[PDB]
Every structure is written in structure tokens, then in C-alpha cells.
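Visitor: Give me a 3D structure for the following:
(one chain, ligands or ions: 1)
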Amino acid sequence: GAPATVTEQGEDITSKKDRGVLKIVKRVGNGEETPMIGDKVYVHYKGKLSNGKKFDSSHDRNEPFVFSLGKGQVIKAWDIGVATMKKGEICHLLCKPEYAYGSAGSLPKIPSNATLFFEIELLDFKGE
Ligand SMILES: COc1ccc(OCCN2C[C@H]3CCC[C@@H](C2=O)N3S(=O)(=O)c2ccc3[nH]c(=O)sc3c2)cc1OC
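Guide: Numbering: from 1, shown residues only. Below, you will see the structure:
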């Protein structure tokens with residue numbers, strides 16, 4: 001399935017090239033511009049654990065998830081991954097725990113040492 005495919009066929013987008021964050025572009029977005037640090041970014045996403053459980057979805061809430069890019073308001077994989085996206089792009093990200101919740105996890109849904117899969121759609125970005 002999609003998590004296996006990004007694991008086996010994804011591109012390492014980390015600066016360290018430690019394969020901590022792998023990406024596949026599923027839908028090509030618009031133009032060439034990607035968001036900049038500090039931009040308010042609007043995304044839709046779903047997350048799955050490596051045991052197959054869906055742990056989160058913005059679609060199911062009928063509202064996007066909004067954060068300021070590059071400020072550690074989200075896991076490292078997202079700051080890195082969303083920074084690579086064009087407006088309208090949909091990607092898959094495979095996030096090793098060092099770029100996610102580490103040994104701590106995040107109760108109730110994310111265990112210790114969890115590799116996470118996300119589908120992310122970049123809806124919009126704007127500077128404040
Ligand atoms: C700078 O370091 C950090 C900053 C913020 C952090 O988390 C808050 C921001 N944040 C929110 C969401 C969506 C964006 C992605 C990610 C996220 O980071 N989670 S997530 O979908 O993986 C996710 C996790 C648990 C969970 N439990 C639920 O009941 S639903 C749910 C969803 C963690 C950091 O690393 C300690």
C-alpha cells in the first residue's frame with residue numbers, strides 16, 4: 001500500500017540525508033513557489049501508524065490544519081516536508097521517529113518510536 005510504497009520508493013528530503021523523511025509527490029501543484037519560513041500554511045492531512053491505524057485526519061473535522069512554517073509548531077518532518085510543497089500539491093511523507101515524536105510518542109494515539117505516514121495537501125500559504 002501507500003506507506004510501503006513511500007518507504008521503498010520515496011525520496012529523502014532531509015538536509016542530513018539520513019532518510020528520516022521520505023516523500024512522493026502524488027499531485028503536482030501550481031508553479032514553482034514553495035512557502036517561506038513564517039508563512040501561515042493551510043493543509044489537509046491524514047496520518048497513519050505503521051500498524052495501519054489512522055490516528056488523525058483534518059478532512060474528518062471539516063477544517064484545515066493551520067500553522068506557521070518553520071517554527072517548530074509541528075513535528076520536524078512537517079516543517080521540512082511542507083516547505084518543499086507547491087500550492088495545490090498532494091504528497092506522501094514517511095517520517096521516522098527522530099523527525100516525529102521520538103521515544104516519547106504522543107498520548108493517546110502515537111506510541112514510542114513510531115514511524116508515521118502522512119498524506120498532505122497544501123491548500124494555501126500566505127505571509128502575515
Ligand atoms: C516542535 O516539536 C513539536 C511541535 C508540535 C508537535 O505536535 C503538535 C503539532 N502537530 C499536530 C498534528 C498535525 C501536524 C502534524 C503533527 C504535529 O506536529 N500532529 S499529528 O498529525 O502527527 C498528531 C499527533 C497526535 C495526535 N493525537 C490526536 O489525538 S490527533 C494527533 C495528531 C510535536 C512536536 O514534537 C515534539
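Visitor: Residue 73: neighbour count?
Guide: For residue 73, the neighbour count with other Cβ atoms under 10 Å is 12. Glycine gets a C-beta too; all of them are placed from N, C-alpha and C.
Visitor: which residue sits closest to residue 123, ignoring its sequence neighbours?
Guide: Once flanking residues are discounted, residue 123 sits nearest to residue 42: 4.2 Å by Cβ to Cβ, 6 or more residues apart in numbering.
Visitor: Was I right to think the one you found contacts residue 63?
Guide: No: taking Cβ atoms under 8 Å as the definition, residue 42 is not a contact partner of residue 63, at 9.5 Å.
Visitor: So which residue is smack in the middle of this protein?
Guide: residue 78 (4.2 Å; Cα atoms, centre = their mean).
Visitor: Phi first, then psi, for that one.
Guide: For residue 78, the backbone dihedrals (degrees, to the nearest 10) come out as phi -70, psi -40.
Visitor: Enumerate every residue touching it.
Guide: Applying Cβ atoms under 8 Å, 6 or more residues apart in numbering, we find residue 78 in contact with 67, 93, 95, 118, 120.
Visitor: Would you confirm that residue 43 contacts residue 69?
Guide: No: taking contacts as Cβ under 8 Å, residue 43 lies outside contact range of residue 69: 10.2 Å.
Visitor: Does the closest residue to residue 103 other than its chain neighbours belong to a helix, a strand or coil?
Guide: Leaving aside its sequence neighbours, residue 103 sits nearest to residue 112 (Cβ to Cβ, 6+ apart; 5.3 Å). Three-state assignment for residue 112 (DSSP: H, G, I helix; E, B strand; the rest coil): coil.
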